[PDB]
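Participant: here is my input, please return the structure:
(2 chains)
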2 protein chains.
Amino acid sequence: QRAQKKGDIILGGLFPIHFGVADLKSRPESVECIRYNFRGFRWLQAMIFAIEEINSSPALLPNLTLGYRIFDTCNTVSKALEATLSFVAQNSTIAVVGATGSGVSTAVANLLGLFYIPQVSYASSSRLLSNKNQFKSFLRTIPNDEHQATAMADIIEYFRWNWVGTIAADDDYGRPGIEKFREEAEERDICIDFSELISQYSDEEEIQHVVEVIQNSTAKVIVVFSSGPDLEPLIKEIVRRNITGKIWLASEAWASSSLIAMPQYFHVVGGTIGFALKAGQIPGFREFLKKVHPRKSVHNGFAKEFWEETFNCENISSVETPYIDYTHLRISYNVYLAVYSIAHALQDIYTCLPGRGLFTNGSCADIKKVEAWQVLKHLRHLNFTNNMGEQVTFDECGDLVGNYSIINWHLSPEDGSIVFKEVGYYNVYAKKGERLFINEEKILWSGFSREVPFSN
Amino acid sequence: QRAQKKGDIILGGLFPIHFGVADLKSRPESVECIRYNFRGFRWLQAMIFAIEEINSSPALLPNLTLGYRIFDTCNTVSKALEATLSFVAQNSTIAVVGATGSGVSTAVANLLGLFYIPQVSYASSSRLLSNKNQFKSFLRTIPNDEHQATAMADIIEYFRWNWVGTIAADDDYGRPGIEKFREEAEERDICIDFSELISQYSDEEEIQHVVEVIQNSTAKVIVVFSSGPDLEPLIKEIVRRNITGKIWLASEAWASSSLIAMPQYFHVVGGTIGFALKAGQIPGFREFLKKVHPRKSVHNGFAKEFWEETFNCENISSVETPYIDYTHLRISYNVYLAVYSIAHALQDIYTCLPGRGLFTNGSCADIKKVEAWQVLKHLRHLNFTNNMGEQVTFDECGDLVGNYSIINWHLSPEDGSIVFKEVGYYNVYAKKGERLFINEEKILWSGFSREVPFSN
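Facilitator: Numbering: from 1, shown residues only, chains lettered A, B, ... in the order given. Below, you will see the structure:
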């Protein structure tokens, strides 16, 4: 299954269409995914949507079509790596949209970097990815977790808390991020009661042990740096243990994750203050999402599966699912800018006056035979503006930043569903000590109480 | 340059023959190594030595020759990855000796795992490599750093110290290891004055900052988890800063590293207590090392370089160098067992009675057409004995353990060189609290003083 389309310029794509895959008595026989990832399918959608829009856009890259080769990482390096090999078979993909996971992106960046194939991630936020010495051809349209780690400490200090816990996934997006927060704390005089590591495949024993350490601890505030899949197993047992009254500080990855944000668990996950990326605006994207259908599209071979999953195999709106059930496009917007950033780099090459080329002898690149390294060069020196009206320009470490959005989980009496209410903002562009804004109101501590909890 | 030799069974090899490699105005043009790694060349030597010995060994694998395909990782994933691709071009290498670096091995294990190619590392000691969920085809002949992290804490508690520092390389062999030690401390009531991260390519500013944090701190004991190259830059400035009286606790990687262990720095690096792996015994290896010569051997294309480096381009003994200047073979012995472990696995396949096969239907594998996954199966269930007289059998996470050797750096008045005197032992096979033995004598605190230093 691969969303593929013919084009003069081919752009690779790696998306988590699923959440994870299922001795050697025989051939390994590969492995199969076992959990469809709605929203993740809406991701590749944006990518394809942006490609179509730019093809229909005469101003951007005229007399030139752009094709795409998009696969499924399924939150597994193995499937992601097999794909990355398929991308560098000739070395042709001029660029590949980075994967979402920090660990998955790390591995793909290793191979892609060897051939200097520009990789623009849309979710990877691991500080380790900023090592251009190893990740030379890595670029990310999402802020690193260094800023996030700082914001959490600010919030804990803001509510006068000195006794807190810690739970991070045993992988790139968590262990490194927590390290930064640990350093953020202690300096602000915030003692850490306990530190725990969880995984999507933690043994039931491990889960029991971490739940045991969650209890016992007198700390009521517990910071959590983990994606939805890794924290899914832990929260499940916490729910049956019915451990309530523990306030959780989400970490973006699971701040808007439906995997954890479900009414059946609101008893414990209720009132979880987390961090969301600034909501972007992709116009005409809603209609594109509704115009999906098997037999139709054809290129997006991923539709069949989607349809089977959304219709137990008919209007998409008929069946509720995170695919079209969205209020703010955040990571989806990141993907849109990611493909647009490459589009502008290619357009720059298409429009480079001789003697004004960033290449040697001020020479330009023949887009008729553009090379990936040439795109990387331009991508490094990219300074265009966003559709939202915002100058976009990757930094020296190929990273662009943006303010966060403090969010608090609240229950809606209309449908009993979990509505995420913005409660404050964190201005990254601001100065230190004047970057955090949290309206004390709109904060339902522990899902209901409106009195700041005690955590000393 | 590749040490290659024809054989029915081909075993890959990745060794750090060097210590590291040297915009996009033009094609990247690859990169070149810039520091020969003596001892590292002595490593591949052992590998080749073991291959020859087993070929000349009729009992082990009769009527069967074994060829090798060995390259240079040069402490760089990029060169290492390019090699790993060369190994899986057909997928043929039945097995590849793992690299030395934790980060380099991690990446190679990703690709090798995809094709289930058994990888047996000889130095990689990163706990993260024990994640068989990701590293399914990873096996290591060296203990993880979890045991080491425990030993350090024991030593600090043994000498009644509560105020200590921390300096780890910003990579797999350091950041994860220190995390374990941090947890080891605090529990033993050992406060950490400061924690710093260093790299082989840390900016001079970074070096100045870490040296500044090294000073100021009242902590006299400073634990250091880093390989020789990463700590080389920091120690250089500490020497010019002439910061003396600071006791250092080596971490195996640099406990016997000539890069740091040099008389010109004994003023600061003097009296550094570190951890060394149990010394193994490879018989007849000395003569093999002396029988090296360009024009001769031919297969080891790495000789030319070696010769140029050892003779500024003649008897090898004439020129002193860590290649033949060795008193205890440790990692070299690890490589010997690594290739022997594969040899025994292949011999098991060569001798499997029908109906007694670890494969389905109790079927054996046709060694005439042996597959890598079949070798992996056998490697998992390997239980042979060492030449030193020791049963060798990888654990569930493909890791074998061994007692460590507390070492203290001492100056020899005969040549003014830095002699490493064994001072104690750490029995991993022993119980908790009864595994650490450090003779208080033979300990020259700060290189000279014989009075336990004060670090509160």
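
Participant: contact residues of chain A facing chain B?
Facilitator: Proximity of chain A to chain B (CB under 8 Å from any CB of the partner chain) is limited to residues A:23-28, A:77-78, A:81-82, A:103, A:107, A:110-111, A:113-114, A:116, A:131, A:133-134, A:170, A:175-176, A:179, A:183, A:195, A:201, A:358-360, A:373-374, A:376-377, A:380. In short, each C-beta sits where N, CA and C put it, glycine included.

Participant: tell me the secondary structure at the residue nearest the centre of chain A.
Facilitator: Computing the C-alpha centroid of chain A and ranking residues by CA atoms, centre = their mean puts residue A:123 first, at 2.9 Å. The assignment at residue A:123 comes out as coil when based on DSSP: H, G, I helix; E, B strand; the rest coil.

Participant: one more: residue A:133?
Facilitator: Classification of residue A:133 by three-state DSSP places it in coil.

Participant: can I get the buried part of the residues of chain A next to chain B as one ChimeraX selection?
Facilitator: Buried residues within the residues of chain A next to chain B, by 16 or more other CB atoms under 10 Å in any protein chain shown, are selected in ChimeraX with:
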select /A:24,77,78,81,103,107,110,111,113,114,116,131,134,170,175,176,179,195,358,359,373,374,376,377,380
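
Participant: just to be sure, which of the residues of chain A next to chain B are found in helices?
Facilitator: Those of the residues of chain A next to chain B mapping onto helices are A:77-78, A:81-82, A:103, A:107, A:110-111, A:113-114, A:175-176, A:179, A:183, A:373-374, A:376-377, A:380, per DSSP state H.

Participant: mind listing what residue A:411 touches?
Facilitator: A:263, A:266, A:270, A:417, A:418, A:419, A:447 (CB atoms under 8 Å, 6 or more residues apart in numbering or on different chains).

Participant: distance of the nearest residue to residue A:404 once chain neighbours are set aside relative to chain B?
Facilitator: Sequence neighbours aside, residue A:426 is the residue nearest to residue A:404 in space, at 4.1 Å (criterion: CB to CB, 6 or more residues apart in numbering or on different chains). Using CB to the nearest CB, to the nearest Å, residue A:426 is found at 25 Å from chain B.

Participant: for residue A:426, name its beta-bridge partners.
Facilitator: When assigned by DSSP bridges, residue A:426 has beta-bridge partners residue A:404, residue A:436.

Participant: isn't it up against residue A:407?
Facilitator: No. Using CB atoms under 8 Å, residue A:426 is not in contact with residue A:407; the gap is 11.1 Å.

Participant: give me the phi and psi for the residue nearest to residue A:201 when sequence neighbours are not counted.
Facilitator: Of all residues not flanking residue A:201 in the chain, residue B:133 sits nearest, at 5.6 Å (CB to CB, 6+ apart). With angles defined as degrees, to the nearest 10, residue B:133 sits at phi -60, psi -40.

Participant: just the buried positions in stretch A:11-25, please.
Facilitator: For stretch A:11-25, burial by neighbour count (16+ other CB under 10 Å) applies to A:11, A:12, A:13, A:14, A:15, A:16, A:17, A:18, A:19, A:20, A:24.

Participant: hey, C-alpha coordinates of that stretch in CSV?
Facilitator: In CSV, the C-alpha atoms belonging to stretch A:11-25 read as follows (Å, rounded to 0.1, in the frame of the first residue of the first chain):
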residue,chain,number,x,y,z
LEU,A,11,8.8,13.8,-2.8
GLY,A,12,8.9,10.9,-0.4
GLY,A,13,6.4,10.6,2.6
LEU,A,14,6.5,8.6,5.9
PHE,A,15,3.3,8.7,8.0
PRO,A,16,2.0,6.6,11.0
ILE,A,17,-1.1,5.2,9.2
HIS,A,18,-1.1,2.6,12.1
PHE,A,19,0.0,2.7,15.8
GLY,A,20,2.2,-0.5,15.8
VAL,A,21,2.8,-4.0,14.3
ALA,A,22,1.6,-7.3,15.7
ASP,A,23,11.1,-17.4,17.5
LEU,A,24,12.9,-18.2,14.2
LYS,A,25,11.4,-21.7,13.7
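
Participant: now do it: distance to the chain's middle.
Facilitator: Here the centre of stretch A:11-25 is set off from its chain's centre by 16 Å, with CA atoms, centre = their mean, to the nearest Å.

Participant: for stretch A:8-26, same thing?
Facilitator: Centroid displacement of stretch A:8-26 relative to its chain, using CA atoms, centre = their mean, is 16 Å.

Participant: then stretch A:274-291?
Facilitator: The chain centroid and the centroid of stretch A:274-291 are separated by 14 Å, computed with CA atoms, centre = their mean.

Participant: you'd agree residue A:428 is up against residue A:435?
Facilitator: Yes. When contacts are counted by CB under 8 Å, residue A:428 is listed as touching residue A:435 (6.8 Å).

Participant: the more surrounded of these two?
Facilitator: Ranked by neighbour count (other CB atoms under 10 Å in any protein chain shown), residue A:428 and residue A:435 place residue A:435 first, with 18 against 15.

Participant: and for the closest residue in space to the more buried one that isn't next to it in sequence, the neighbour number?
Facilitator: Nearest non-adjacent residue to residue A:435, counting by CB to CB, 6+ apart: residue A:427, 4.8 Å away. Burial measure for residue A:427: 13 neighbouring residues, criterion other CB under 10 Å.

Participant: residues contacting residue A:427?
Facilitator: Counting by CB under 8 Å, 6+ apart, residue A:427 has contacts A:403, A:434, A:435, A:437.

Participant: nearest to residue B:7, of those?
Facilitator: Residue B:7 lies nearest to residue A:403 out of the contacts of residue A:427, by CB to CB, at 61.0 Å.

Participant: correct me, but the closest one touches residue A:424?
Facilitator: No. Here residue A:403 lies out of contact with residue A:424, judged by CB under 8 Å, at a distance of 10.6 Å.
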